[PDB]
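Undergrad: following this: a sequence and the matching experimental structure.
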Amino acid sequence: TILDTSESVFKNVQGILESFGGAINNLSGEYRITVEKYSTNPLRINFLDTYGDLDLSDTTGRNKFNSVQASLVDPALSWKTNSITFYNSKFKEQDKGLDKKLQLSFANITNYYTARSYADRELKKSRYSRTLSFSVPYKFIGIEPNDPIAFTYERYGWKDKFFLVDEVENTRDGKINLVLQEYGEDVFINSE
Amino acid sequence: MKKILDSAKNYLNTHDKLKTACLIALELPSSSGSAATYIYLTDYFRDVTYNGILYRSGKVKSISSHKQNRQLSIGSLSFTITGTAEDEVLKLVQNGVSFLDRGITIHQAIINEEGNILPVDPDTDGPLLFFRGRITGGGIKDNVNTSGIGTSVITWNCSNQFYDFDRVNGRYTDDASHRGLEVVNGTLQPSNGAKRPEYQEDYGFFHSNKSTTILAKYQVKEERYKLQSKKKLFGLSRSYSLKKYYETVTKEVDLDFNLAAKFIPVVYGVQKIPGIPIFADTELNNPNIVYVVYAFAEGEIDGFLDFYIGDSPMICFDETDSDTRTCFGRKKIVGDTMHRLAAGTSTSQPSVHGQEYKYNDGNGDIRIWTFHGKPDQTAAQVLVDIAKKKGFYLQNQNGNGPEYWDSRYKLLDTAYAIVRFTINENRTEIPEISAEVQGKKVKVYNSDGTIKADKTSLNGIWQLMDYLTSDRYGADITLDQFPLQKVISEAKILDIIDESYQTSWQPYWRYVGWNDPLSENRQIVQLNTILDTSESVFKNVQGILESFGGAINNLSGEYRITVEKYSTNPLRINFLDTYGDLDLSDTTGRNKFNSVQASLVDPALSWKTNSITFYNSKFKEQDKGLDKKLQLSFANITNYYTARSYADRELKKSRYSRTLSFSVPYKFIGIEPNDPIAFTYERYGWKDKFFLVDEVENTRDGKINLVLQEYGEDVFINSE
Amino acid sequence: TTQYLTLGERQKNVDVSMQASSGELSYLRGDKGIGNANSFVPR
Amino acid sequence: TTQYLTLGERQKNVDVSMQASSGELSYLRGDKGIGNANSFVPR
């Protein structure tokens, strides 16, 4: 990383985080830095524990991606930029050949293979996506964003289905609004 | 408009209680795709049997309204499913993602008093198709409130027929893709992905995508031994050093051939396109002879007109240009093509399939073989003969035998050209090649029934029809989804003779798509299109339609290609037939336009854009001198006069415009966009005023929302 | 003595669906070899 | 032998209100003649 101190520290922190898809949150006076990782001990939430209202939505159509442009700098070429494009052929075939590129920050990355693995991992991860949102009582206080949730709901086929928090809102009445995020299978950095 | 059976109109007029039912046929994802299982549904209170398919009742709570307008866009429809059903909730929750891009076909069915389906559609004597497309989303909302009644609604999001236009369908020079080889997983393996069954045996695109950058060493039979043509001044003295004759000597050549895999284009007129080198090589012994095969256009092609060797064409544009460099004939007035070289002082005519042209010029000589695309054409005989003798250096370096260029390399449906350069001290390298090619052969459907596909056509309607009926490089739409008569009439409309100029005013007639210097070829619109298949077919269709201001709509399953035009038989609508809601709005102030910037490539000079601005002085004076430019596409037009007439016509048409929106009962079912409406309303003073349908929305209840458009007098292409 | 013939440009598109290989590094940096971005022999 | 004096640049603005003419083609392609875009004599 080259951290041009002229830019605001906010921008620099965001640039560093975008490299590995991490996230920094400050809830309850803790500067928690976390990344989308698989967890073997999620918090168990049932529909009955949740408030009545539920909402499941699908965003796969919008977020399907099959290519990415990588303007990574190469030390071999006197530290000049290479316009390298990574695309998943199978995804394009499943996309009717349409090109769907995702803006990915390849700065502060010089190892080509790490860049390629990062690109392929992001493309794989961006294939399945749903947004499940509901409301939980004050008993479940402290649910940080990007936290592992095991949501169980008998009416569906969900038994401790693995979700990831995406947006936690705390109110003064105690009602906590959540917006989870469903992912594919074994698509996380931590997973096999 | 979509005419419906007469009995349908009689029933709709007579009967005031219509028991409409919507029949939904949905495609379930499953293995064994040939065994494609469908789930049928309907919102009628009882199961409806239609053509041996039983549409189960229930599970369908509501259906949204289909909407379309004169601008091509992916329409969207959403219908709901009862969330209390177990099958549907499980399907959406645990498979709602696998349902993406799966077909759905909603039919609108009127039920007789005896439970039978009234045959509205004349094409099948069945229902009138309401929607067709592919699912694109999901969503379920389980809303539970204590002390009350909960709610569980499943919502399915869909896109209309035009979602099939997001595909990019273009032949790709890579061997693996063209031949249909399976996606390689370790070793390679053939599959059934070929567009045509005969492609699999076509190895033509072999050696396509590779980068042979090596320091090759060649053996040149020269400058090592034998008699040398050097005689000293003295009578007896002689040069004992023997050279300048055939004998091996080492020589290092640093070749760098980077043959990439670029999408092949499609040309529908006299347009200049570059080459996509698919095979490169040099002779085994002489590095100075290099063979490079370039891919141009697709399908059977009328032939090449001229070749551009490094920005310098083989034929000089005018009298003036001939002095600057060597040329052969003119293009300004004689307008001869490349075929003069083989047949000197002949007529103008495109090249010949499998004929060699020896373009002799300063800096060296060039041999060109013009292989027009063909559905079944043999391999390049010259290359095969050379391969049999192992004359190619890279053939021997890689060890390949007589199969390096075998008889099986029959490039099918590709108008490639073999160019043999003779590298010398003047032509020290291989320059990028471009050519002027006539368009693909295009079918023209005469009204009587006979067709003719023996030449390319400049008509926009027929070019779009050809692009929309070819599976290998276009949208796989069968001809049986098109109303032939209406398409033919529209093609005639775009062939109206334009009298704003003479044929003698445009000198570069041969290179603007005119096949004859005398016969009448002042068509109102003439599009010389380059269809770069890299882009989505959606964008290509939109670009073609923007050239003549047409519009494509698919309501009721028929693809309508229509253009704003006057009609002598409009549909008559009286206000009392309306639901009584009315809204007249004025848009002239916003849509006033008085100038347009035309960036068009002019063949007279080496094909390059001319930034030409067309403006109407009177309109600017009315506009108080203020400039108002409408973005108008001139990419597909090379004839200056057609571009000017198009610009003036649009500027005139952009001076009077109102939007009139109302509603109409189900009696008037089948009002396509861009339809002629004669709206009579005596209170306003309107007696059969002429409007054009801009937006039509179909609701499940039968209410047909409309947004008509009003135009000034005689502003249409038809008559003045 | 030394003569060089050139044509086209290297294609930087990489298909990440296939397993990684050193041929990609050789191709992307302009090494002298024979093959595509997805299969390159560097000599 | 030959001497050239140059000044200005041709104006590509065309007034479509008036009828079309060959002078426009001559003027818009850089032909030698006397006149403007809306009225050009090409010699």
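TA: That came through, no problem. Numbers count the residues shown, from 1 in each chain, chains lettered A, B, ... in the order given.
Undergrad: so who does the nearest residue to residue A:188 once chain neighbours are set aside touch?
TA: Across the structure, with Cβ to Cβ, 6 or more residues apart in numbering or on different chains as the measure, the residue nearest residue A:188 apart from its sequence neighbours is residue A:38 (4.4 Å). Where C-beta positions appear, they are placed from N, C-alpha and C, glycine not excepted. Residue A:38 is in contact with A:148, A:162, A:186, A:188, A:190, A:191, counting by Cβ atoms under 8 Å, 6 or more residues apart in numbering or on different chains.
Undergrad: buried only: go through those residues for me.
TA: Using 16 or more other Cβ atoms under 10 Å in any protein chain shown as the burial test, those include A:148, A:162, A:188 as buried.
Undergrad: between those residues, which sits nearest chain B?
TA: The closest of the buried ones among the contacts of residue A:38 to chain B turns out to be residue A:162 (Cβ to the nearest Cβ; 13.8 Å).
Undergrad: which residues does that closest one contact?
TA: Contacts of residue A:162 (Cβ under 8 Å, 6+ apart): A:38, A:42, A:148, A:149, A:150, A:183.
Undergrad: could you identify the most distant pair in the contacts of residue A:38?
TA: Of all pairs drawn from the contacts of residue A:38, the one with the longest distance (Cβ to Cβ) is A:148 and A:186, at 14.6 Å.
Undergrad: restricted to helices, list the contacts of residue A:162.
TA: Taking DSSP state H, every one of those sits outside helices.
Undergrad: quick one, longest strand in chain A?
TA: Scanning chain A for the strand with the most residues, using DSSP state E, yields strand A:158-170.
Undergrad: so that one versus helix B:86-95, what angle?
TA: 70 degrees (axes from the mean of the first three to the mean of the last three Cα atoms, to 10 degrees).
Undergrad: in strand A:158-170, what's buried?
TA: For strand A:158-170, a neighbour-count test (16+ other Cβ under 10 Å) marks A:158, A:161, A:162, A:163, A:164, A:165, A:166, A:168 as buried.
Undergrad: flag every residue of chain C that's near chain B.
TA: Where proximity means Cβ under 8 Å from any Cβ of the partner chain, the interface of chain C facing chain B comprises C:1-11, C:17-18, C:27, C:30, C:32-36, C:40, C:43.
Undergrad: for ChimeraX, what selects the buried ones among those?
TA: Only the buried entries of the residues of chain C next to chain B go into this ChimeraX selection, using 16+ other Cβ under 10 Å:
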select /C:5,7,8,10,11,17,18,27,33,34,35,36,40
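Undergrad: from the residues of chain C next to chain B, which land in strands?
TA: When DSSP E defines the strands, the subset of those inside them is C:2, C:3, C:6, C:7, C:8, C:34, C:35, C:40.
Undergrad: which strand residues bridge the nearest residue to the fourth one once chain neighbours are set aside?
TA: By that I understand residue C:7. Leaving aside its chain neighbours, residue C:7 sits nearest to residue B:257 (4.7 Å; criterion: Cβ to Cβ, 6+ apart). Bridge pairing for residue B:257 (DSSP bridges) gives the partners residue B:212, residue C:7.
Undergrad: residue contacts, the residue nearest to the spatial centre of chain C?
TA: The residue lying closest to the centre of chain C (Cα atoms, centre = their mean) is residue C:27, at 2.6 Å. The neighbourhood of residue C:27, defined by Cβ under 8 Å, 6+ apart, consists of B:211, C:10, C:33, C:35, C:36, C:37, C:40.
Undergrad: closest one of those residues to chain D?
TA: For the contacts of residue C:27, with chain D as the reference and Cβ to the nearest Cβ as the criterion, the closest is residue C:10, at 38.9 Å.
Undergrad: show the contacting residues for the closest one.
TA: Under the criterion of Cβ under 8 Å, 6+ apart, the contact list for residue C:10 reads B:211, B:258, B:260, C:27, C:28, C:30, C:37.
Undergrad: repeat the analysis, applying 6 Å as the threshold.
TA: Taking Cβ atoms under 6 Å, 6 or more residues apart in numbering or on different chains as the definition of contact, the neighbours of residue C:10 are B:211, B:258.
Undergrad: quick one, phi psi at it?
TA: phi -60, psi 140 (degrees, to the nearest 10).
Undergrad: from residue B:209, how far out is it?
TA: Here the criterion is Cβ to Cβ, to the nearest Å. By it, residue C:10 lies 11 Å from residue B:209.
Undergrad: same question for residue A:176.
TA: Using Cβ to Cβ, we find residue A:176 at a distance of 55 Å from residue B:209.
Undergrad: now swap in residue C:2 and tell me
TA: As defined by Cβ to Cβ, residue C:2 lies at a distance of 28 Å from residue B:209.
Undergrad: could you do residue C:6 as well?
TA: Counting by Cβ to Cβ, the gap between residue C:6 and residue B:209 amounts to 17 Å.
Undergrad: residue A:141 now?
TA: Residue A:141 is 58 Å from residue B:209, where distance means Cβ to Cβ.
Undergrad: phi and psi next, for the most centrally placed residue in chain A.
TA: Nearest residue to the geometric centre of chain A (Cα atoms, centre = their mean): residue A:36, 5.5 Å. Its backbone dihedrals place residue A:36 at phi -70, psi 100, with angles given as degrees, to the nearest 10.
Undergrad: roughly how far is stretch C:30-41 from the heart of the chain?
TA: On the basis of Cα atoms, centre = their mean, to the nearest Å, stretch C:30-41 sits 3 Å off its chain's mean C-alpha point.
Undergrad: ok, and does that stretch reach over to chain A?
TA: No: contact between stretch C:30-41 and chain A is absent, the nearest approach being 8.2 Å (criterion: Cβ under 6 Å from any Cβ of the partner chain).
Undergrad: alpha carbons of that stretch, as CSV, please.
TA: What follows is the C-alpha trace of stretch C:30-41 in CSV, where atoms were taken according to Å, rounded to 0.1, in the frame of the first residue of the first chain:
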residue,chain,number,x,y,z
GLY,C,30,5.6,-10.1,-22.8
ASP,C,31,7.9,-13.1,-22.5
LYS,C,32,9.0,-14.8,-25.7
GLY,C,33,6.9,-17.9,-26.1
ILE,C,34,4.2,-19.7,-28.0
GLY,C,35,0.6,-19.9,-26.7
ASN,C,36,-2.4,-18.0,-25.5
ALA,C,37,-3.1,-16.3,-22.2
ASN,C,38,-4.8,-19.5,-20.9
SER,C,39,-2.0,-21.7,-22.2
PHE,C,40,1.5,-20.3,-22.8
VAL,C,41,4.8,-22.0,-23.2
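Undergrad: run through who's touching that stretch.
TA: The contact list for stretch C:30-41, computed with Cβ under 6 Å, 6+ apart, reads B:209-210, B:212-214, C:11, C:14-15, C:18, C:23, C:26-27, C:42-43.
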